[PDB]
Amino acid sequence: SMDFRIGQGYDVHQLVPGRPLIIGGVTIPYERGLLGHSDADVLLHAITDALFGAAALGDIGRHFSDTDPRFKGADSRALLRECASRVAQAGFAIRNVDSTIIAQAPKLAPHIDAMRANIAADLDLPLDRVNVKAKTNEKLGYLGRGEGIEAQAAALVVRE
């Protein structure tokens, strides 16, 4: 139809030795990893929040509590797929997703297509409606010092 809605999402996680690096469902060879409840997939969290926002359904925290047994130990791709099911049942179809990863290292460009493929699979979208961008923070802040990684997302949906 013509009942479009937009949503936006943000997420950040600390970057310290000890954990694997998983961004967009992709396990990336690195010395440090992202600290969170589960995989701490900062990119999928931001996209999930953008989708809930576009549907005016709250946020990732109110749908998938860390305490909730039904999502104990679920990984962020499963959360993303459950997010999309709720978006559909509210009557919305996803038109496109765009996103940015901000990280001082490692280089993420080799893994962009893998992330796009995971996200498009999880959302049941054609590949050319999913986009992921990645850049450094020019050595500024806790991002520029490699203490964390941030993700931003935007989503467009339409009531159908």
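One rule holds for the numbers: they count along the sequence shown, beginning at 1.
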**Prompt:** Of 61-69 and 45-53, which one has the bigger average CA B-factor?
**Reply:** 61-69
**28-36 set against 123-131, stretch whose average Cα temperature factor tops the other in the entry** = 28-36
**Prompt:** C-alpha B factor of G148, ranked within the chain: lowest, middle or highest third?
**Reply:** middle
**Request:** Could you look up the Cα B-factor of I22 in the entry and say which third of the chain it sits in: lowest, middle or highest?
**Result:** highest
